[PDB]
């Protein structure tokens, strides 16, 4: 008897349209509704009982925290239903990785949750979205997906929503993780090679059902000749934490350190991430005296991932030692 899968559409390239078959890169996002996406893959009926809902219709670079909450709360309601076995979210690529991590942290369910997009719109020749959507539904319908946390199923892969990132522009292999794909999906079947290590979903201390509004968190970049201007301005305009997207191992210019000390003293969390994203991690107390300054390192998480975790964590704690524990467990 086939699994019951709900597709939650949010917009994106997978729902996009361009002017000609050769327009694989120049198009408008968020033009097709969920029922047209489903009807475009008649084979979905072979692998699941699918129904669709239009949660929003956006280009994902324009997503808001309120959009994350609305989507996350709808996912939770559906997960609580005995009529729902798995959930697929169709999404723009730009912030797919942010949504996927958010859901991984706040959805206290073992039911499969898959986020999926495309790099080419469906109007293009050789568009990737049809098979990606088929694969998302296959994975969301597979017993092997239960308890694995949020998954992303592009490029014939099963990627962890935690640490997959949009890493390559244009090409269909865009989404990569420093820690590899966990599996592959081919001709409807899932093949697993690794399991998650980090806390997720049912083993998370966080729950979307308790979050009413997310704390404001912003990101500032590190580079030669950088000043403290962006950090100070972002804090002045409401940032409760700043993600520092440092050079190297989360390093901080000597012209920036004093401002970050003052901001921490005034209650703003300081989280050291980096723009060195293909591998490794930011080590506590290496580039900066995090203990002395009461700062946090983002471990392996890229800046936009670190922002997501910081927002969720700060719904529970203002203790920088607890925030560091969270950045070491999730």
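Residue numbers count along the first chain shown, from 1.
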160-168 versus 107-115 - greater average Cα B-factor per the deposited record: 107-115
Stretch with the higher entry mean CA B-factor, where the candidates are 47-55 and 298-306: 47-55
From 41, 271, 276, 282, residue of greatest CA B-factor: 41
Given 94, 128, 85, 173, the residue at which the Cα B factor reaches its maximum: 85
Position of residue 13 among the chain's modelled residues by C-alpha B-factor, lowest, middle or highest third: lowest
Chain-wide C-alpha B factor ranking for residue 250, given as lowest, middle or highest third: lowest
Chain thirds of CA B-factor: placement of residue 73: highest
For residue 218, the third of its chain into which the C-alpha B factor falls: lowest
Residue 81, C-alpha B-factor rank within chain (lowest, middle or highest third): highest
